[PDB]
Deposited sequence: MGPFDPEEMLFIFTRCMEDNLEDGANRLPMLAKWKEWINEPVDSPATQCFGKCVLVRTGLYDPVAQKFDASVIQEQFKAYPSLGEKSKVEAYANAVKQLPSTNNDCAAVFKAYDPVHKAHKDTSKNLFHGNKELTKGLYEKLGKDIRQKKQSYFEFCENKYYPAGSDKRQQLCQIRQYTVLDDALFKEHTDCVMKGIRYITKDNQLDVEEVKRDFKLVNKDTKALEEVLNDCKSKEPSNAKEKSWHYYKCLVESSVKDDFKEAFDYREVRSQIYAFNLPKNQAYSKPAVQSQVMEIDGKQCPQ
């Protein structure tokens, strides 16, 4: 669901690498290539599924249609005119448009796209926030208005809604202790966070699989979580603005609250470096058990 900003592409690339990198000797060499948009080894199932993953998340390959979709290229260029030359973007979109219908397996999808990737590498890399120089520029222009590399997503949202130096900053003392506030500002902040860690989709829908992913990462079973979320969903408010807050509140107040806090805490840590698990997938152990900007909380 494009267009995608630099953080959104970063999320996609890092997630697809986390899910598809091999775990042995080939991990670091593979990572080093994929990071540079070198989709090799082409004969590797890991590379093939990594490539499929990225194509599916960006919408370049539609697994339901069983076809590639050049729409996202045009959407991306519309949003980021500085990131392409029209004739080159058109050439790239045309190559994708003319790919045949393709089966929804990693090998087929990867094999079909690979010639396009190679024939249009720089065009696609620039357009989808893969050019480090251009992307550095955009991050500098956006500053506080986009989550930055090496910045906790939670902190990004906190700074937006409860800025340092303001009379709002003090609320972080309660907020960071899982106090559920009721006001419009907190609902907006919670929307920022829930969407930033992908528990809520861009279209304001719950993604149960994302929540489950984080529970699993802190070594929890998810049966009770699914039961809780099913109950929460039956009481979803009609106001789209309040959906994220609704699920946050429901989780914090539920019979899975302790596991939720544990999972959410770990997610916060991992949100600070998107490539947290890339060099080697890190085992979780529960950390040892307040100040804001160095100022003690009451």
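According to the record, C-alpha coordinates are lacking for deposited residues 290 to 293, 303.
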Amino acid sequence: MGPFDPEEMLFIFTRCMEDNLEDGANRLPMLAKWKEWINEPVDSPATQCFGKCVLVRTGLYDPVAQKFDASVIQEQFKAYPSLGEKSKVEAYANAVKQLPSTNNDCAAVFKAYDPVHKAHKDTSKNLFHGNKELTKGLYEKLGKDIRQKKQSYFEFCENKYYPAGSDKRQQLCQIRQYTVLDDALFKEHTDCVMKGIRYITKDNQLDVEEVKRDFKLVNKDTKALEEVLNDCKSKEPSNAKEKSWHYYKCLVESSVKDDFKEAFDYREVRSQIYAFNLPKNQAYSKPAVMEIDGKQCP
From here on, numbers count along this sequence of modelled residues.
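Across the two stretches, 6 to 14 and 274 to 282, the PDB entry reports the greater mean Cα temperature factor for 274 to 282.
A summary of the deposited B-factors shows that, of 215 to 223 and 196 to 204, the stretch with the larger mean C-alpha value is 196 to 204. For the set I38, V256, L55, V269, the PDB entry assigns the largest Cα B-factor to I38.
Compared with the other modelled residues of the chain, the Cα B-factor recorded for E210 ranks in the lowest third. In the PDB entry, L134 places in the highest third of its chain by CA B-factor. In this PDB entry, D62 carries a Cα temperature factor that places it within the middle third of its chain's modelled residues. Annotation for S124: CA B-factor lies in the lowest third of the chain's modelled residues. For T190, the recorded CA B-factor ranks within the lowest third of the chain. Only modelled residues enter the ranking.
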